[PDB]
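In what follows, a single structure is set out as structure tokens and then discussed.
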Amino acid sequence: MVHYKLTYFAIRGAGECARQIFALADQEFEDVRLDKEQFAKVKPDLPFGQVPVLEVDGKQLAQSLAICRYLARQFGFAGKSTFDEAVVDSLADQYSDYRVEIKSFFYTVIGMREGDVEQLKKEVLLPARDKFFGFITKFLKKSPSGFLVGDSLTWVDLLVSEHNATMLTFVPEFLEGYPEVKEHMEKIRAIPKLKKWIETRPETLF
Amino acid sequence: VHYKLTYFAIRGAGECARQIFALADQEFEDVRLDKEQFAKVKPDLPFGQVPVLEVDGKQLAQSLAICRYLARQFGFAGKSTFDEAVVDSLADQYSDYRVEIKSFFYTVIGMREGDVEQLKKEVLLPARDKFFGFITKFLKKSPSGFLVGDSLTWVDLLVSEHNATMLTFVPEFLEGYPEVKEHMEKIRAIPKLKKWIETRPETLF
Ligand SMILES: N[C@@H](CCC(=O)N[C@@H](CS)C(=O)NCC(=O)O)C(=O)O
Ligand SMILES: N[C@@H](CCC(=O)N[C@@H](CS)C(=O)NCC(=O)O)C(=O)O
């Protein structure tokens, strides 16, 4: 078969989306989780000095979005047409811009930077969430299938669903008045093969 | 197929797509808005921002998604799915790089308060050194001269245009990277692209 090796830290973060893709494609792969010191040794042989890095039959591929998209195309979770795929691509990119806005809150609460959690929540996180959910909700209200794009699962369903499940861990109010976003999160994570992975994967915060 | 690129009267995020149409000899509507006309159309855009591309009325936002979509249509995305992915990662790396230098970039075009010189010497140049380190590595291991595979792909157009733009503000930008200089020249010498470079509206970025 094609052999796959996901290399990333001992956390979900940027590597998780790809791990969910393999779970849903029932695709077996090597799932390498590194500590700081192990990373420091392999780092210079990585295409951009960072992780996640995927290997397909030895050949290296960096950047989480590129990884997830590549794997989604192989297994049928990218979109059922080239334009639909592009629409999925834009949701993924929007989500990434959203991650930049909340970077300050997100790295404070995992505790790898110091700051005031509470005003970062109120002033940074929640306004960025309101804007972003405003867009997500619009795609959901105009999708009667229940997925963000088209009539089936695509990998942005997995990004947006996992992020929201993760954030409820730190901010229980997070999906406070957005029932359609709540619905989506539940719908996707109820897919038995995904739920299985959720139950069996190593438990990490974020 | 009718195409409509909507963006501001600048190159910035919209230019990559404009270069794709130039190279595909694809005619399209090229809509450049001022602040006040944007403010009026903004709420009907998918994420409230530009660039937005329309294919036969169907709206598509996010510059990377636009460029990749158009590249696939016209044959500039990569000649396999993995090669396309490798092109995707270069594009994404470049975008991370844009985040690092955001503070310098908006100060020097003068649409932001700033401390030019330490931003240049402490922010811009170290981010460039790291980024060019990667770009150079792809170039040294590419016998064709393009960042990926043996032909033009849309990241060639992003990286080439950004470097030409930055030389405008920082003339020492490419100095200790002749291979990056080469790449910039190689791509922008492609006649169809050079013709667009000579005929497009001149803007200060
Ligand atoms: N755009 C990159 C960002 C990922 C990233 O920054 N990962 C960090 C871990 S938090 C890394 O690999 N190294 C951190 C470092 O050494 O700077 C991606 O999606 O892979
Ligand atoms: N992250 C988006 C860029 C979206 C964006 O910030 N667009 C700018 C122009 S370069 C804009 O429209 N700014 C004004 C606004 O959001 O109202 C992309 O990757 O295309």
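Ordering of the structure tokens sets the chain letters (A, B, ...), residue numbers begin anew at 1 in every chain, and ligands are numbered from 1 in the order given.
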
- Item | Residues within 10 Å of residue 130 (chain B), only C-alpha atoms, excluding chain neighbours under 6 positions, as a PyMOL selection string | (chain A and resi 48-49) or (chain B and resi 97)

For N, CA, C and O atoms, I'd like the residues from the last selection saved as a PDB file, in the first residue's frame.
ATOM      1  N   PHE A  48      10.417  23.322   5.737  1.00  0.00           N
ATOM      2  CA  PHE A  48      10.443  24.693   6.306  1.00  0.00           C
ATOM      3  C   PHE A  48      10.822  24.796   7.804  1.00  0.00           C
ATOM      4  O   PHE A  48      10.464  25.738   8.466  1.00  0.00           O
ATOM      5  N   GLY A  49      11.519  23.807   8.335  1.00  0.00           N
ATOM      6  CA  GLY A  49      11.944  23.825   9.731  1.00  0.00           C
ATOM      7  C   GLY A  49      10.867  23.664  10.774  1.00  0.00           C
ATOM      8  O   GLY A  49      11.108  23.911  11.957  1.00  0.00           O
TER       9      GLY A  49
ATOM     10  N   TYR B  97       5.296  33.945   6.235  1.00  0.00           N
ATOM     11  CA  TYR B  97       6.292  34.975   6.078  1.00  0.00           C
ATOM     12  C   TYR B  97       5.666  36.358   5.987  1.00  0.00           C
ATOM     13  O   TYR B  97       6.242  37.335   6.462  1.00  0.00           O
TER      14      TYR B  97
END

Pull the closest atom pair for each residue of chain A that gets at most 10 Å from ligand 2, along with the distance in Å to one decimal, counting only C-alpha atoms and all ligand atoms, ordering rows by chain and then ascending residue number, as a tab-separated table.
residue	atom	partner	partner_atom_place_in_ligand_line	distance
A:90	CA	ligand 2	19 (O)	8.2
A:93	CA	ligand 2	19 (O)	6.4
A:94	CA	ligand 2	1 (N)	6.4
A:95	CA	ligand 2	1 (N)	9.4
A:96	CA	ligand 2	1 (N)	8.1
A:97	CA	ligand 2	1 (N)	5.7
A:98	CA	ligand 2	1 (N)	9.1
A:100	CA	ligand 2	1 (N)	9.9

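If only C-alpha atoms and all ligand atoms are the atoms counted, then among A:22, A:106, A:29, A:197 the closest residue to ligand 1 is A:106.
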
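A distance search around ligand 1 (7 Å at most, only C-alpha atoms and all ligand atoms) returns the following protein and nucleic acid residues: residues 14, 49, 50, 51, 52, 62, 63, 64 and 65 of chain A; 92, 93 and 96 of chain B.
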
Selected residues, N, CA, C and O atoms, written as a short mmCIF file (atom, residue, chain, number, x, y, z; two decimals), in the first residue's frame, please.
data_model
loop_
_atom_site.label_atom_id
_atom_site.label_comp_id
_atom_site.auth_asym_id
_atom_site.auth_seq_id
_atom_site.Cartn_x
_atom_site.Cartn_y
_atom_site.Cartn_z
N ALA A 14 -2.31 21.56 14.77
CA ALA A 14 -2.30 21.55 13.30
C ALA A 14 -2.29 20.13 12.65
O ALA A 14 -2.63 19.96 11.48
N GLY A 49 11.52 23.81 8.33
CA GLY A 49 11.94 23.82 9.73
C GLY A 49 10.87 23.66 10.77
O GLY A 49 11.11 23.91 11.96
N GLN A 50 9.68 23.23 10.35
CA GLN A 50 8.49 23.11 11.21
C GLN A 50 7.66 21.85 10.94
O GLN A 50 7.91 21.10 9.99
N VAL A 51 6.70 21.60 11.82
CA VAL A 51 5.79 20.49 11.73
C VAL A 51 4.37 21.06 11.77
O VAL A 51 4.16 22.11 12.31
N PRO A 52 3.37 20.32 11.24
CA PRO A 52 3.37 18.91 10.78
C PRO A 52 4.01 18.68 9.43
O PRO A 52 3.99 19.55 8.57
N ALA A 62 5.18 19.42 3.76
CA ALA A 62 4.91 20.28 4.92
C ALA A 62 3.65 21.11 4.74
O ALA A 62 2.96 21.00 3.72
N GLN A 63 3.33 21.88 5.77
CA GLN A 63 2.21 22.80 5.83
C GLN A 63 0.91 22.05 5.94
O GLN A 63 0.44 21.46 4.97
N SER A 64 0.31 22.13 7.12
CA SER A 64 -0.94 21.45 7.46
C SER A 64 -2.05 21.58 6.42
O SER A 64 -2.72 20.61 6.13
N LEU A 65 -2.32 22.78 5.93
CA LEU A 65 -3.40 22.96 4.96
C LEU A 65 -3.11 22.16 3.70
O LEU A 65 -4.03 21.52 3.14
N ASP B 92 1.78 28.66 1.27
CA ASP B 92 1.43 28.83 2.70
C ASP B 92 2.58 29.35 3.51
O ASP B 92 2.40 30.19 4.39
N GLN B 93 3.78 28.86 3.22
CA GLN B 93 4.96 29.35 3.87
C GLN B 93 5.13 30.84 3.59
O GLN B 93 5.42 31.63 4.49
N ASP B 96 2.86 32.74 5.77
CA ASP B 96 3.38 32.86 7.17
C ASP B 96 4.43 33.96 7.22
O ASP B 96 4.43 34.84 8.10
#

- Message: Could you pull out the alpha helix (DSSP H) residues of region 6-202 of chain B, going by DSSP on the backbone, and write them as an MDAnalysis selection string?
- Response: chainID B and resid 15:23 35:41 63:74 81:100 102:108 116:118 125:140 154:169 178:188 191:199

Taking a cut-off of 9 Å and counting only C-alpha atoms, can you build a table that, for each residue of chain B near chain A, reports the nearest atom pair and how far apart they are in Å (one decimal), sorted by chain then residue number, as a tab-separated table?
residue	atom	partner	partner_atom	distance
B:46	CA	A:135	CA	7.2
B:47	CA	A:135	CA	6.2
B:48	CA	A:135	CA	8.9
B:55	CA	A:83	CA	9.0
B:59	CA	A:87	CA	8.8
B:60	CA	A:87	CA	6.4
B:61	CA	A:90	CA	6.2
B:62	CA	A:90	CA	5.3
B:63	CA	A:90	CA	8.3
B:64	CA	A:90	CA	7.7
B:65	CA	A:89	CA	5.5
B:66	CA	A:86	CA	7.2
B:68	CA	A:86	CA	7.7
B:69	CA	A:86	CA	5.8
B:72	CA	A:82	CA	8.4
B:73	CA	A:82	CA	8.7
B:81	CA	A:70	CA	6.7
B:82	CA	A:70	CA	6.8
B:84	CA	A:70	CA	8.2
B:85	CA	A:66	CA	5.3
B:86	CA	A:61	CA	6.3
B:87	CA	A:66	CA	8.5
B:88	CA	A:66	CA	5.4
B:89	CA	A:63	CA	5.2
B:90	CA	A:63	CA	8.3
B:92	CA	A:63	CA	6.8
B:93	CA	A:63	CA	7.4
B:99	CA	A:100	CA	8.9
B:130	CA	A:48	CA	8.9
B:131	CA	A:48	CA	8.2
B:133	CA	A:48	CA	8.9
B:134	CA	A:48	CA	6.1
B:137	CA	A:47	CA	8.6
B:138	CA	A:47	CA	8.7

Please list as a PDB file with N, CA, C and O atoms, in the first residue's frame every residue within 10 Å of residue 75 (chain B), counting only C-alpha atoms and excluding residues in the same chain fewer than 6 positions away.
ATOM      1  N   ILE B  20      -2.174  35.004 -13.586  1.00  0.00           N
ATOM      2  CA  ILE B  20      -2.626  33.716 -14.099  1.00  0.00           C
ATOM      3  C   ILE B  20      -3.423  33.881 -15.387  1.00  0.00           C
ATOM      4  O   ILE B  20      -3.157  33.200 -16.372  1.00  0.00           O
ATOM      5  N   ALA B  24      -2.655  32.543 -19.101  1.00  0.00           N
ATOM      6  CA  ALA B  24      -3.638  31.730 -19.814  1.00  0.00           C
ATOM      7  C   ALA B  24      -4.259  32.510 -20.971  1.00  0.00           C
ATOM      8  O   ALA B  24      -5.213  32.052 -21.583  1.00  0.00           O
ATOM      9  N   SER B 151       8.031  23.166 -14.682  1.00  0.00           N
ATOM     10  CA  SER B 151       7.228  24.176 -15.341  1.00  0.00           C
ATOM     11  C   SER B 151       6.675  25.208 -14.370  1.00  0.00           C
ATOM     12  O   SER B 151       6.754  25.059 -13.135  1.00  0.00           O
ATOM     13  N   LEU B 152       6.158  26.286 -14.939  1.00  0.00           N
ATOM     14  CA  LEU B 152       5.595  27.348 -14.155  1.00  0.00           C
ATOM     15  C   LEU B 152       4.443  26.861 -13.318  1.00  0.00           C
ATOM     16  O   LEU B 152       3.609  26.076 -13.780  1.00  0.00           O
ATOM     17  N   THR B 153       4.430  27.302 -12.066  1.00  0.00           N
ATOM     18  CA  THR B 153       3.286  27.097 -11.183  1.00  0.00           C
ATOM     19  C   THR B 153       3.051  28.403 -10.488  1.00  0.00           C
ATOM     20  O   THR B 153       3.947  29.208 -10.401  1.00  0.00           O
ATOM     21  N   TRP B 154       1.834  28.600  -9.992  1.00  0.00           N
ATOM     22  CA  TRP B 154       1.427  29.908  -9.441  1.00  0.00           C
ATOM     23  C   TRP B 154       2.233  30.480  -8.274  1.00  0.00           C
ATOM     24  O   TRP B 154       2.178  31.663  -8.041  1.00  0.00           O
TER      25      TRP B 154
END

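The smallest atom-to-atom distance between residue 12 (chain A) and any of A:137, A:166, A:172, A:178, using only C-alpha atoms, is found for A:166.
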
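Shortest separation to residue 42 (chain A) among A:110, A:163, A:191, A:8 occurs at residue A:8, atoms counted being only C-alpha atoms.
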
- Message: Taking 3 positions as the minimum chain separation for residues in the same chain, which residues sit within 12 Å of residue 121 (chain B) when counting only C-alpha atoms? Answer as a ChimeraX atom specification.
- Response: /B:101,104,115-118,124-129,170,172-173

With N, CA, C and O atoms retained, write the just-selected residues as a PDB file, in the first residue's frame.
ATOM      1  N   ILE B 101       6.335  39.804   8.577  1.00  0.00           N
ATOM      2  CA  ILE B 101       6.741  41.126   8.102  1.00  0.00           C
ATOM      3  C   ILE B 101       5.581  42.121   7.950  1.00  0.00           C
ATOM      4  O   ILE B 101       5.767  43.242   7.480  1.00  0.00           O
ATOM      5  N   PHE B 104       6.324  45.620   9.279  1.00  0.00           N
ATOM      6  CA  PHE B 104       7.232  46.426   8.442  1.00  0.00           C
ATOM      7  C   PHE B 104       6.558  46.879   7.150  1.00  0.00           C
ATOM      8  O   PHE B 104       6.682  48.046   6.737  1.00  0.00           O
ATOM      9  N   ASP B 115       8.114  52.489  12.972  1.00  0.00           N
ATOM     10  CA  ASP B 115       9.524  52.714  13.234  1.00  0.00           C
ATOM     11  C   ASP B 115      10.332  51.962  12.168  1.00  0.00           C
ATOM     12  O   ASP B 115      10.890  50.890  12.404  1.00  0.00           O
ATOM     13  N   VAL B 116      10.426  52.575  11.013  1.00  0.00           N
ATOM     14  CA  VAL B 116      10.908  51.884   9.822  1.00  0.00           C
ATOM     15  C   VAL B 116      12.179  51.030  10.029  1.00  0.00           C
ATOM     16  O   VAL B 116      12.224  49.847   9.633  1.00  0.00           O
ATOM     17  N   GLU B 117      13.204  51.640  10.613  1.00  0.00           N
ATOM     18  CA  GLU B 117      14.554  51.128  10.497  1.00  0.00           C
ATOM     19  C   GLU B 117      14.814  49.883  11.338  1.00  0.00           C
ATOM     20  O   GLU B 117      15.457  48.939  10.874  1.00  0.00           O
ATOM     21  N   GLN B 118      14.358  49.881  12.586  1.00  0.00           N
ATOM     22  CA  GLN B 118      14.486  48.676  13.388  1.00  0.00           C
ATOM     23  C   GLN B 118      13.517  47.599  12.947  1.00  0.00           C
ATOM     24  O   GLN B 118      13.802  46.406  13.138  1.00  0.00           O
ATOM     25  N   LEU B 124      12.092  42.597   9.266  1.00  0.00           N
ATOM     26  CA  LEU B 124      12.047  42.206   7.861  1.00  0.00           C
ATOM     27  C   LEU B 124      13.191  41.298   7.470  1.00  0.00           C
ATOM     28  O   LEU B 124      12.954  40.214   6.969  1.00  0.00           O
ATOM     29  N   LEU B 125      14.420  41.751   7.712  1.00  0.00           N
ATOM     30  CA  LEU B 125      15.611  41.039   7.226  1.00  0.00           C
ATOM     31  C   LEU B 125      15.877  39.650   7.824  1.00  0.00           C
ATOM     32  O   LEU B 125      16.312  38.749   7.109  1.00  0.00           O
ATOM     33  N   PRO B 126      15.625  39.466   9.125  1.00  0.00           N
ATOM     34  CA  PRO B 126      15.678  38.092   9.659  1.00  0.00           C
ATOM     35  C   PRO B 126      14.591  37.138   9.141  1.00  0.00           C
ATOM     36  O   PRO B 126      14.879  35.965   8.928  1.00  0.00           O
ATOM     37  N   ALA B 127      13.376  37.649   8.918  1.00  0.00           N
ATOM     38  CA  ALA B 127      12.294  36.855   8.334  1.00  0.00           C
ATOM     39  C   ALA B 127      12.617  36.493   6.892  1.00  0.00           C
ATOM     40  O   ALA B 127      12.292  35.404   6.417  1.00  0.00           O
ATOM     41  N   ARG B 128      13.206  37.435   6.181  1.00  0.00           N
ATOM     42  CA  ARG B 128      13.634  37.208   4.823  1.00  0.00           C
ATOM     43  C   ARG B 128      14.734  36.149   4.749  1.00  0.00           C
ATOM     44  O   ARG B 128      14.727  35.294   3.870  1.00  0.00           O
ATOM     45  N   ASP B 129      15.698  36.231   5.665  1.00  0.00           N
ATOM     46  CA  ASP B 129      16.818  35.284   5.689  1.00  0.00           C
ATOM     47  C   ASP B 129      16.327  33.861   5.886  1.00  0.00           C
ATOM     48  O   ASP B 129      16.728  32.973   5.146  1.00  0.00           O
ATOM     49  N   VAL B 170      12.966  48.322  -0.501  1.00  0.00           N
ATOM     50  CA  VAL B 170      14.262  47.891   0.047  1.00  0.00           C
ATOM     51  C   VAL B 170      15.157  47.381  -1.101  1.00  0.00           C
ATOM     52  O   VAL B 170      15.096  46.208  -1.488  1.00  0.00           O
ATOM     53  N   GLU B 172      18.255  46.710  -1.315  1.00  0.00           N
ATOM     54  CA  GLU B 172      19.245  45.696  -0.895  1.00  0.00           C
ATOM     55  C   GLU B 172      18.584  44.345  -0.649  1.00  0.00           C
ATOM     56  O   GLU B 172      19.270  43.433  -0.235  1.00  0.00           O
ATOM     57  N   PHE B 173      17.281  44.204  -0.924  1.00  0.00           N
ATOM     58  CA  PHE B 173      16.509  43.020  -0.497  1.00  0.00           C
ATOM     59  C   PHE B 173      17.098  41.667  -0.930  1.00  0.00           C
ATOM     60  O   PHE B 173      17.190  40.759  -0.116  1.00  0.00           O
TER      61      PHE B 173
END

Determine, counting only C-alpha atoms, which protein, DNA and RNA residues have an atom within 9 Å of an atom of residue 147 (chain A); residues of the same chain fewer than 4 positions away are not included. Present the result as a PDB file with N, CA, C and O atoms, in the first residue's frame.
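For reference, part23.pdb as written:
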ATOM      1  N   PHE A 139     -23.030  29.797   5.666  1.00  0.00           N
ATOM      2  CA  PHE A 139     -22.769  28.607   4.825  1.00  0.00           C
ATOM      3  C   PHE A 139     -23.624  27.421   5.269  1.00  0.00           C
ATOM      4  O   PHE A 139     -24.141  26.691   4.452  1.00  0.00           O
ATOM      5  N   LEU A 140     -23.818  27.302   6.579  1.00  0.00           N
ATOM      6  CA  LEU A 140     -24.693  26.280   7.136  1.00  0.00           C
ATOM      7  C   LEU A 140     -26.182  26.525   6.830  1.00  0.00           C
ATOM      8  O   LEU A 140     -26.869  25.612   6.393  1.00  0.00           O
ATOM      9  N   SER A 143     -26.925  25.516   3.421  1.00  0.00           N
ATOM     10  CA  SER A 143     -26.596  24.121   3.113  1.00  0.00           C
ATOM     11  C   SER A 143     -27.628  23.255   3.840  1.00  0.00           C
ATOM     12  O   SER A 143     -27.549  23.072   5.048  1.00  0.00           O
ATOM     13  N   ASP A 151     -23.016  18.287  -0.624  1.00  0.00           N
ATOM     14  CA  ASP A 151     -23.859  17.287   0.021  1.00  0.00           C
ATOM     15  C   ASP A 151     -23.071  16.165   0.723  1.00  0.00           C
ATOM     16  O   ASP A 151     -23.630  15.085   0.948  1.00  0.00           O
ATOM     17  N   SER A 152     -21.832  16.435   1.167  1.00  0.00           N
ATOM     18  CA  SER A 152     -21.024  15.419   1.846  1.00  0.00           C
ATOM     19  C   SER A 152     -19.875  16.002   2.683  1.00  0.00           C
ATOM     20  O   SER A 152     -19.557  17.189   2.611  1.00  0.00           O
ATOM     21  N   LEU A 153     -19.255  15.143   3.472  1.00  0.00           N
ATOM     22  CA  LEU A 153     -18.120  15.506   4.325  1.00  0.00           C
ATOM     23  C   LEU A 153     -16.994  16.053   3.464  1.00  0.00           C
ATOM     24  O   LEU A 153     -16.677  15.482   2.425  1.00  0.00           O
ATOM     25  N   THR A 154     -16.410  17.167   3.905  1.00  0.00           N
ATOM     26  CA  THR A 154     -15.163  17.674   3.372  1.00  0.00           C
ATOM     27  C   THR A 154     -14.293  18.050   4.554  1.00  0.00           C
ATOM     28  O   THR A 154     -14.795  18.296   5.632  1.00  0.00           O
ATOM     29  N   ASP A 157     -15.097  20.629   7.350  1.00  0.00           N
ATOM     30  CA  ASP A 157     -16.000  20.106   8.391  1.00  0.00           C
ATOM     31  C   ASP A 157     -15.191  19.591   9.573  1.00  0.00           C
ATOM     32  O   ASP A 157     -15.564  19.832  10.705  1.00  0.00           O
ATOM     33  N   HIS A 184     -23.652  21.354  13.662  1.00  0.00           N
ATOM     34  CA  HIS A 184     -22.573  20.915  12.808  1.00  0.00           C
ATOM     35  C   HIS A 184     -21.541  20.115  13.596  1.00  0.00           C
ATOM     36  O   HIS A 184     -21.184  19.020  13.200  1.00  0.00           O
ATOM     37  N   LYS A 187     -22.989  16.752  14.470  1.00  0.00           N
ATOM     38  CA  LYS A 187     -23.216  15.938  13.277  1.00  0.00           C
ATOM     39  C   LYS A 187     -21.939  15.234  12.816  1.00  0.00           C
ATOM     40  O   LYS A 187     -21.911  14.003  12.634  1.00  0.00           O
ATOM     41  N   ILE A 188     -20.882  16.025  12.655  1.00  0.00           N
ATOM     42  CA  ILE A 188     -19.619  15.529  12.109  1.00  0.00           C
ATOM     43  C   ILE A 188     -18.955  14.554  13.055  1.00  0.00           C
ATOM     44  O   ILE A 188     -18.485  13.493  12.637  1.00  0.00           O
TER      45      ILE A 188
END

- Query: Hey, can you check how far CA of residue 173 (chain A) sits from CA of residue 9 (chain A)?
  - Reply: 28.0 Å

- Output as a ChimeraX atom specification all residues of region 31-111 of chain A that backbone DSSP marks as strand (DSSP E or B). /A:31-34,53-56,59-62
